[PDB]
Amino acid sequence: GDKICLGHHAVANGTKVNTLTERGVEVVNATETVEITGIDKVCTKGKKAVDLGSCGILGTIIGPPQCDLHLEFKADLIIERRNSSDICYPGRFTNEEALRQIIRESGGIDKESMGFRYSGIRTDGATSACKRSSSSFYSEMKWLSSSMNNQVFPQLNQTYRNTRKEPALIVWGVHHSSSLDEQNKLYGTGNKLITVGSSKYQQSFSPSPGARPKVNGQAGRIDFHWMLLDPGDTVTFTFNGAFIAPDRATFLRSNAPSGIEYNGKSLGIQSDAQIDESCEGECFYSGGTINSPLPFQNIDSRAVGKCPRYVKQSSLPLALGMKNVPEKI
């Protein structure tokens, strides 16, 4: 008797996958869904990248020596490094994380003088902690010291109006000396006060003398404080010592008018890996770059950029063919 049969393929060994009903169902073919391997490079082909090296990203603003080449950077991708420092003379920024976030997306920074001039005082204080040949300071500010040696310190005002149509980033420092001897040696004797006024911002600060553990061989500290000054608005510094003054204001290339020094929002990453101008990626993490066709990744939940979605699972196999049912006898 003549006969015709309908049938479908099968293979000796298939791949297990999961369905809704069942687990470990064998199919003719499957493919992985979850990327598990990264590129141990920062893949920078076709973007403008800056490796900030040992320069902490906040350093770009105030300008310790290690940041000299980075005071006006233009970047599509900013690579912070693990060892970085924002400082030379020891100290902290208030709201430090907030600012890091601001710089990371800035697209780079552009500097412009604030036209502060002085006359009564020394405006060139220098430390061994900021070595740039002999001794210098924060490139972008000025350490306002007592003009003689033990001279009480003038009750000075300084004012700067934001000319541009972008926000201006202004930063100033408060000098916490190592001893009350050195404080009134470098400034005046009576209690010292710094008032900083915006339209919006309004708060004040005064100096806490006292010995702290030496950091870069300095017992002193600087509190760094910062504000974004709105277009049109003005800021007034009123101070009688212990004041580290801004010299240049910062602007973010991301808010500039279509012209040179624009960039557009950048992506800040933090990374351990060597740069490679020779590969691409839009997704980064500490170990480097995730460039993958798959839709998920299990490498690093903190990957940043344009990324496969992160999942806790290492493998999620996707069936590319029918249930595998071997040939009977």
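From 1 onward, residues are counted along the sequence shown.
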### Summary
Higher of the two mean Cα B-factors (142-150, 77-85; per PDB record) comes from 142-150
### Stretch with the greater mean C-alpha B-factor as recorded in the entry, comparing 28-36 against 275-283
275-283
### Maximum C-alpha temperature factor, selected from 250, 195, 94, 106
195
### Task
Just grab whichever of 71, 245, 169, 156 has the top CA B-factor as deposited.
156
### Summary
Binned into thirds over the chain's modelled residues, the C-alpha B-factor of residue 264 lands in the highest
### Query
Can you tell me which third, lowest, middle or highest, the CA B-factor of residue 46 falls into for its chain?
highest
### Message
What third of the chain does residue 225 rank in for C-alpha temperature factor, lowest, middle or highest?
### Response
middle
#### Entry: Position of residue 99 among the chain's modelled residues by C-alpha B-factor, lowest, middle or highest third
lowest
